[PDB]
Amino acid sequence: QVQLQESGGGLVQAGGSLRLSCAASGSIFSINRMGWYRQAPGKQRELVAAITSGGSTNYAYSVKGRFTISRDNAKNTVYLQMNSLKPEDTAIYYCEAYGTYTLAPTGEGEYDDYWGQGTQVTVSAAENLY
């Protein structure tokens, strides 16, 4: 089994920029797709963006042009550069390692989805510092 740690989520001013980095660790041969999902409080979880092995990207309509997903295939790390943040972007953000192929030097492997605990992103509209 695999360890996902999401990081870089914090309270930000309106128009602030946040970078979410999640590192996948284990005997990982490959990951079909690494994706960012977010869940606003008492609302259902939604796909923010995802990127395949091969670099095909895919984004929610509301984050198109503001957010940029990118991956380092060799480090098994995915990044979400969030720009022009809005209060509506406030949520817990989860990273999904989808189709994660694991394998020992013996032939013993697995194929599973893995998820992170999540990272809180809060965007405050307040004009001045704090």
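Each residue number is its position in the shown sequence, starting from 1.
- In this entry, the higher average B-factor at the C-alpha atoms falls on 35 to 43, of the pair 77 to 85 and 35 to 43.
- In this crystal structure, the stretch out of 1 to 9 and 120 to 128 whose C-alpha atoms carry the higher mean B factor is 120 to 128.
- Going by the entry's values, 52 shows the largest Cα B-factor out of 68, 52, 100, 27.
- Remark: residue 14 belongs to the highest third of its chain, ranked by C-alpha B-factor as recorded.
- Residue 58 sits in the middle third of its chain by CA B factor, as recorded in the PDB entry.
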